[PDB]
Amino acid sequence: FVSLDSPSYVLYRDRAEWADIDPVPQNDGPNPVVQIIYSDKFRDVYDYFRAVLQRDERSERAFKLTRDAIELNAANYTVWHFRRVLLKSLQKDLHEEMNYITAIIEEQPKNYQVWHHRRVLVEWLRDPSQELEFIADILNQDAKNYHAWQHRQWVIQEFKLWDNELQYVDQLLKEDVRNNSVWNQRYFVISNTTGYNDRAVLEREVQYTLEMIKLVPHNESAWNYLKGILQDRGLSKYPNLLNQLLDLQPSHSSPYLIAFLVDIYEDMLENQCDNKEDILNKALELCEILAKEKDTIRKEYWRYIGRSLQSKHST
């Protein structure tokens, strides 16, 4: 009806239709700590929320009240919980509620409660038809909104909407190839569809990622994805990769490349590679280079790697 900011808004203590119920003040005790100096409007609504909650009044008036409590503080999970109780008790139109939550989320996209609420609504209606489009809009405003991506993964997995996600992924990666949330979604979509065991899929991915690395050599995301899809099997299992990288090093000796090389050597030494002494030596030289010059912020990490390599493969 009327919003907290509308010119015609009226405090609840002044509403005739609310006269029959006494407001319940919040009991902070005689000597309050972390006491918030609420605005008159804020306290007004909460004093009445407290009342309806205490009485467990499943009414249309209470339902409208929660809407105001939520606008005052959308992070109040108690209100949200009660609101859902009312949605059921009153048998409210869930599609109407979806429109509501849609607006709420647009205003406050980084709130835990709002997203959880929308997930409950989609569960109740078993209707995801609006999900991907909605989420895409949120992501269009903040491509890395965590709650947004989490919700999207849930919808896709729960309702099996995989068909167009890889395309979505490419779209966003074109917009910002530094978007780590998008590289993650990529792994999410592939590992859940074709999987990475299909060697044709793996190669496509390795190619794609190498191509992105060449386009933007200092984009850590691509490098992490490359190591991510090959690590389980073992970096040393892909001999051509080492060669390719060694060829690019003289021209792209970024800390990412040098680091990847140590990662490979590590795995090689772990799998009884040939020329163990030679591999260890190149690995230690790189660790020193990363610690003293190319990646000094991680000097301690590298020094550790150096010592680990020695304790594991010196002989």
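The first residue of the sequence shown is number 1, and the count goes up from there. Take the two forms, find the largest set of C-alpha atoms that superpose within 1.5 Å, and that set is the rigid core.
Core superposition of the other structures onto this form places the C-alphas of 245 to 253 farther off in 9 other deposited structures of this protein than those of the other stretch among 245 to 253 and 259 to 267.
Between the stretches 87 to 95 and 218 to 226, it is 87 to 95 that shows the larger average CA temperature factor. Comparing 270 to 278 with 34 to 42, the higher mean C-alpha B-factor in the PDB entry belongs to 270 to 278. Among all modelled residues in this chain, the alpha-carbon of residue 246 has a temperature factor (C-alpha) in the highest third.
Sorting the modelled residues of the chain by their CA temperature factor places residue 119 in the lowest third. When the CA B factors of the chain's modelled residues are split into thirds, the value for residue 14 lands in the middle one. Sort the modelled residues of the chain by CA B factor and residue 190 lands in the middle third. The PDB entry assigns residue 63 a C-alpha temperature factor belonging to the middle third of its chain's modelled residues.
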